[PDB]
Structure formats: C-alpha cells, structure tokens
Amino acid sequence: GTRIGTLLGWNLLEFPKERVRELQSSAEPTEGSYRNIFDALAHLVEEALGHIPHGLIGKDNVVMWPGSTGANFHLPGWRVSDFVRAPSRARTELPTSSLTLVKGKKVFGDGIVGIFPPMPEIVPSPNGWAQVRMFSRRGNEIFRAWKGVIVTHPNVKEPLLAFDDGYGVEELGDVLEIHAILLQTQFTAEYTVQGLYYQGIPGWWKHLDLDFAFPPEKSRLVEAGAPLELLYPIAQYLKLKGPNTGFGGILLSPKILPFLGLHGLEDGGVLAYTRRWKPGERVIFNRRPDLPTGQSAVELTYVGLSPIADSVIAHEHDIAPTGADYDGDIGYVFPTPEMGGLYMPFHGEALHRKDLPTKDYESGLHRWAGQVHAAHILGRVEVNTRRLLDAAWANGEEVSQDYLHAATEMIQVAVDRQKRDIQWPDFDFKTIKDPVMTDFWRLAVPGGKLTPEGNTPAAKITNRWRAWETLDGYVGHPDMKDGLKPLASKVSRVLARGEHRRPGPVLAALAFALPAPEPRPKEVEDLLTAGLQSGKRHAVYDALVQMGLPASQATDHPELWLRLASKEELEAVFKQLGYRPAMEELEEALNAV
C-alpha cells in the first residue's frame, strides 16, 4: 500500500495538516470566498515549490503532479485527481485483447465498471468484488480510465468492461492496468449520531450503552485475568454501542445479474450476502452521509441472497433519495423499528433540484480549491443544522422540514462541488449562542461513529469520557439529557474504578516473579540493550514481536513479555501474583449501585 499516482511516477507534496484547516474557516457559499481560498492556495504551492506545476491536482493537504516522470493522462487535468491519490493495495494486468467492451452508459449500473471471472490477485473470492482504478495503457500513455467497482463470478467466462463509463478518448491502449484501492470486506454497521439526529426512533438515546473494545493484544490479557492495572487508562477501551448491529456490504446494481447469468429482482427489493433475514422480511436501507431530512434511511424488502459476497444489491430507483451510487458506496441494512431498529424509514417527499448553473473547473488546482472550500461549508451546514435541532428540541419545538430540505440541498451541492463549479443555493445560517448537546457529542463521539479510531493519546481519552459528567451544562432535548444519566453513571463508575490503578507496579512485579530469560541470540541481547539505553524500548519491542521472539527469552522485559506469552503462561503468572481479573472488577463497576 503506497499510492497509485506514485507508481505512475507522480510527485506528491504533503502540506502541513494544520495549514489548510486554518485557511478553510474563512469560507462562505460565495463566488468570492471561493476565489479567496483559490488565491490563498495558489500562493501556498508557490511558497513551497516556486511555481504552478503543470497539471496539478489536490485533495486536502495532499497535492500531486506529474513532472515528466509522470505517466500522461489523455483526459482533462481536473478529472485526473480521481485516479492518482488512492492507495494501490493490489495490482493486476489484462491485455486489451481479452476484454469484451460491453457498450452503454451505466450498463452494469452507475458505478460498476467491470464484470469479470475469478481474479484472485485482486479479489479474494470467486464470489467477490474490489473497488478499483483501471487504465488502458501504452508505455507512458493512458488513453481511457475507469473508476468504480468490479465484481467476479464463476459463471462469468470472459472479462467484460463498461467501455462508455470510461474517461479518456476513443482510442484504447494495448494493456488494461487495474489497481484495487479497496479489498473485499464487510463493513461495521452501527448507528451514527447524525443518523440518530436525523431519523432516530423516539427516545433513541434511551437505547445507547457502554461497551469495551480491546485490540487482540489487550484482549489476550483480559481473557487471562490480567489485573485492571494493566488496562490503564480504561477509557482507551471504551465505546458506545447500539441495542443491535446492522449488515454492511458494497453496493451493487441488479443490472449486473443478467451478466452473472441470473434472473433479476423485484421493485422495492434488496439482496445481501447474509442469512440474517428471511426472504420477505422488511429492513432499513441506509447510505451515508445521513442527510438532515432523514431521507438516507428507506424501508425495502429483503428478497434473498446476493450472488456476490460482502454486498447489497438494490435498484437505483429505490435508493435514489439516499444519494447512493455503485462506485464504492457502502450499503447498510438495519432492522426496522418494529424489530428493534433505531433508524426510522423516510416517508417524506424528497427529490431535490434538477440543475443549477454549472461550469467545470478551469484547472485541477481550481478543483482542489473548490474541494477544500466546499469541505468546510459541508461541515458548517452539518453542525449548524444539528445544533438547531438542539435549540429547537430544548424549546419544546422542532426544526421545520423546509429548513432540513434547504440544509440537505447545501450538503449535496457541497459534495458535488468536489467535482465541478456549481452555484450554491441560498441558505441562511442561524447561529446558536449556547453550548448544545451537539457540542457534547462532538467531544464524546468525535465524527459520530460509535467506533472510535484510537489514534488519540492516553492523556486525552480520559478527558473525552469525563465529558459525560457535564450533560446538565448543555442545551437540548429535556428527555435526551435526563434519559442519558444512567449511562453517564455507568461511564463514571468504570472510569473511577480504574483511576488510580496504574500499571507500573504490576510491570515491576512481573519482572521479579517471572524466571530469568532462557538463552537468546546476541542480536537480541543487543537490541534490548539498545532500546533501554536510549528510550526506544517500544520500537525494539515492536521489532522483537515482529521478528517472532519467544516468550521464554523476554521475561526481563515484562511489557514485551506480555505481548509474546500464551494464554496459559499469562494465566499462570497472574495466579502467582493473585491479581483479580480485570473483567470481574469491570462488570461489578458496570452493574453497581
């Protein structure tokens, strides 16, 4: 996994994470505010490179350009962005002579670019898929390029490609180069804050609970009855959970089914790679982002199994309001309210405006600009709207549906502006002069996912979960705040139970209790010495884990040792020191008075 553009010989700047984010917060839905961030970005590239390098494109912080090591794209400069920046997690090659060029726009469904026979060097299943970027190539010439997903089935004899969904010019290279940018997988399917704000069942907050998430190293300690001291700080292992969990697959069109040699699918109906539902059962389909109207959740019928693994098949017409396409979108399927779900199906009228004045961007920098600008406005509308629902619910009221539609319209023009220069719709931002429950959730659940990504350091995670103490100081729904109190209690006992249980004494103890280390190579003696004498124990410990050092040879390095020991070795030494299993302690804290 390094980037597709690099393998095509492209330059790669990586501007400071912070320098764009500051520049952004001067962004408004105005032509000027664009030309603003446009100007400021121009002279951010110039004060790093000296010049405006020909054919440059950018995402956030990342900028990219060919130089002349860089393979040439036979397509508008700004389009090229979609192709270069993605990781190349796996590669393959096909001679242009093997391909059937099935013709038609959106033949396979709008997003799917190839229906192939098994290809186990990009898709790990016969029944599989991969999200890809694919080019038809000369030597340094790239004539046509496809972005989207390809599927794979035994019944498929010859590789088929949706030619008219390509990007370059008519003529075609002599080899088709395919880069898997995302390997086949299911996706974790949990309710989100946005989702719950926009379409949650009445009193949905009532159904949130605390849970524990241990990475496999730590989960081994927990399973063997490691003392709670070894889990400090317990906050880094906390997460919220919903009353239940969804299914999440890549999203495919029924248009593929004929080419798989299979019959199609009724209107109002869904297939997915799971037996969790019986054919005929209703389910809630969801595609993200959740939009303020609540329109990202629709009720559809589970009609049976998908023939492609890790996928949901649904008609374009059935999921149109949710904004779904087939070029990498994930479909999530949740239980309906009646059978315990937290998302309510959308029943309102949806379909927003047909067209606004639209120019392309003038270059790829123009695009990068628009992108950066738009991204801010997106967040603005998002947060503002959520805040407004806070004030509204506080004041016994509700945000009028017309306004949610207006917000929704801004959000999706924002998303479209990652692509083309589109005129913003008119939209008043109300602004709130109070701390609202939304502000709490941005603290407690940054990004809205109940699954955190534990980059945030030990220092800060405890503060995050300590925020649960300050509910009263936030304005929002009376019943939300009051309903959330038992959960804040639970959080609180768990935190308190671990507050002063530090690991250092247990690490010291294990050093004394464990026997002297068995004989080990001098390269190991030497690494461990190197680590200790310089304060890089952790790098060394990571190395020895990777190089596969055995536990018996690590007993003078308790932290290392804990990472190599077996279940039996851990159990044994914990018994010796007579530690109370952390989980027993944690359960008691959860259940307590």
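Start at 1 and count along the sequence shown; that's the residue number.
Averaging C-alpha B-factors over each stretch, which comes out higher, 421 to 429 or 282 to 290? According to the PDB entry, the answer is 421 to 429.
With respect to the recorded C-alpha B factors, which stretch has the higher mean value, 336 to 344 or 354 to 362? Between 336 to 344 and 354 to 362, it is 354 to 362.
In this PDB entry, which of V175, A297, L196, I181 has the top CA B-factor? Highest CA B-factor of the listed options: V175.
Can you tell me which of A554, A543, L528, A40 has the maximum CA B-factor listed in the PDB entry? Result of the comparison over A554, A543, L528, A40: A40.
B-factor third for the C-alpha atom of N140 within its chain: Its C-alpha B-factor, which the entry lists for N140, ranks in the highest third among residues of this chain.
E568 CA temperature factor, ranked by third within the chain: Middle third of the chain for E568's C-alpha B-factor.
Hey, what third does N72 fall into on Cα B-factor, ranked over its chain? For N72, the deposited C-alpha B-factor lands in the highest third.
For the chain shown, is the CA B-factor of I313 in the lowest, middle or highest third of its modelled residues? Lowest third - that is where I313 ends up once the chain's C-alpha B-factors are sorted.
Ranking every modelled residue in this chain by its Cα temperature factor as given in the entry, which third contains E217? It belongs to the middle third of the chain when residues are ordered by C-alpha B-factor.
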